[PDB]
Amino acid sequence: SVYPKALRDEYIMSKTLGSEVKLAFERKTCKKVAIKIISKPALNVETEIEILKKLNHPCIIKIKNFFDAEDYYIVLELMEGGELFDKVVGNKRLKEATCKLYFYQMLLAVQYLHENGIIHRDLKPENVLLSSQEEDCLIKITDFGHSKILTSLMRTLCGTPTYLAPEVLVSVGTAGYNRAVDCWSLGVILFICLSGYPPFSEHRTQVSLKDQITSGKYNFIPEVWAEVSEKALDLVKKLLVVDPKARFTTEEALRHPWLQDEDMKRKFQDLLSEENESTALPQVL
C-alpha cells in the first residue's frame, strides 16, 4: 500500500527505526519526527491519544499529530537515543551512576502518571527512550496502549450490602492499589539495569516463572551484584515486594537514600534546561 494523502501532505517519510516506527520529517519545519504506525484496535489508540494529549511532563513522550486512516498514524517527538532495551540486552550493563540518572527520571514520570490517575501497565526497557546517544540524556516513557485510567466499587459501597456478594466486600482491602504494578515493573527494570540480567527468568532454573514471581524469590547472583552499591540493591528489594500494599510507591522510592544524590539531580536539571533553550520565551523580570 501507500501512506495516506493527509499524512504525506505534512510529512516526508523515511527509514524504519523499530518494529512499527518510522523516521519522518515535518515539511513545515524540516524537523525530524517519529511516526508510530498502528494497523487496524480502535480502543487502545483512542485512549492512548486522549492520554498523550492531556499529559505534560519532560520524561513523557509528547504527541505532535494524529492520523486515522487505512491504519493509525501517531506522530511523536523523535528520541535519537533509541530504546533503553538496546542498552541492556546481551548482559550489557549500565554504570550505577547512569542507572540512578535514568531511574530517577522514570520515577518522576511514573509519579506524574499516578498523580494524574493513570497507570501505565506496560513498563519495560523497550518503552523507555533516550533523547540522545550521550549516556547522559533525558529519558521519556512511551507506549500508553495498555494504560488504565482510574468507582464501581465506590458506588456499590454506598448501599446496604445485604444482596452484596462476599468476594466484593473482600476486595475492599486492596482496592485502589493497581498503580503498584508499575512500581513492580520499575523494580524489575532497575534490577536489569544494574545487573545486566533479569530477576525472574527460566534460564538455568527448574522452578516456573510464575512461581518465582509470586514467591518474589528472584535470582540473586552475588558475583555480579557485589559491584553494585548496597543502597541501590536496597531500593530494588523494596520495589520487588510481593504485597502490593507494602510495595514501595514512587514517592517512597524518590525519598530513598539511593536517590538523595545531589550530583545526579544537578545533571538532570542541567539536561532539562539544555533542551528548553529551544522554546524559551523571554519573560517578566
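A residue's number is simply how far along the shown sequence it sits, counting from 1. We call the rigid core the largest set of C-alpha positions that still match within 1.5 Å between the two forms.
Q: Do the Cα atoms of 229-237 or of 44-52 sit farther, on average, from the shown structure in 8 other deposited structures of this protein when the rigid core is superposed?
A: More C-alpha displacement in 8 other deposited structures of this protein shows up in 44-52.
Q: So if we fit everything on the core, which stretch drifts more in 8 other deposited structures of this protein, 185-193 or 156-164, C-alphas only?
A: Higher root mean square deviation of C-alphas in 8 other deposited structures of this protein is shown by 156-164.
Q: Looking at the other compared entries that model residues on both sides of it, is residue 19 unmodelled in at least a third of them?
A: Result for residue 19: often missing, at least a third of the compared entries.
Q: From residue 40 on to residue 41, does the model leave out none, 1 to 3, 4 to 9, or 10 or more residues of the deposited sequence?
A: In the record, 10 or more residues between residue 40 and residue 41 lack coordinates.
Q: Which class fits the unmodelled deposited stretch between residue 150 and residue 151: none, 1 to 3, 4 to 9, or 10 or more?
A: 1 to 3 residues are missing.
Q: Identify the stretch, either 42-50 or 60-68, whose C-alpha atoms have the larger mean B-factor according to the entry.
A: In the deposited entry, the stretch with the higher C-alpha B-factor mean is 42-50.
Q: Select between 163-171 and 94-102 the stretch whose C-alpha atoms have the higher average B-factor in the entry.
A: So the stretch with the higher mean C-alpha B-factor is 94-102.
Q: Tell me, please, which of 121, 124, 204, 140 has the highest C-alpha B factor according to the deposited entry?
A: Max CA B-factor in the entry, restricted to 121, 124, 204, 140: 204.
Q: If you rank every modelled residue in this chain by C-alpha B factor, which third holds residue 223: lowest, middle or highest?
A: CA B-factor rank for residue 223: highest third.
Q: Which third, lowest, middle or highest, does the C-alpha temperature factor of residue 133 belong to within its own chain?
A: It belongs to the highest third of the chain when residues are ordered by C-alpha B-factor.
Q: Lowest, middle or highest third: which one holds residue 115 when the chain's residues are ordered by CA B-factor from the entry?
A: Ranked within chain, residue 115 CA B lands in the lowest tercile.
Q: Ranked by Cα temperature factor within the chain, is residue 211 in the lowest third, the middle third or the highest third?
A: Middle third - that is where residue 211 ends up once the chain's C-alpha B-factors are sorted.
Q: Comparing residue 86 with the other modelled residues of its chain, is its CA B-factor in the lowest, middle or highest third?
A: Top third by C-alpha B-factor.
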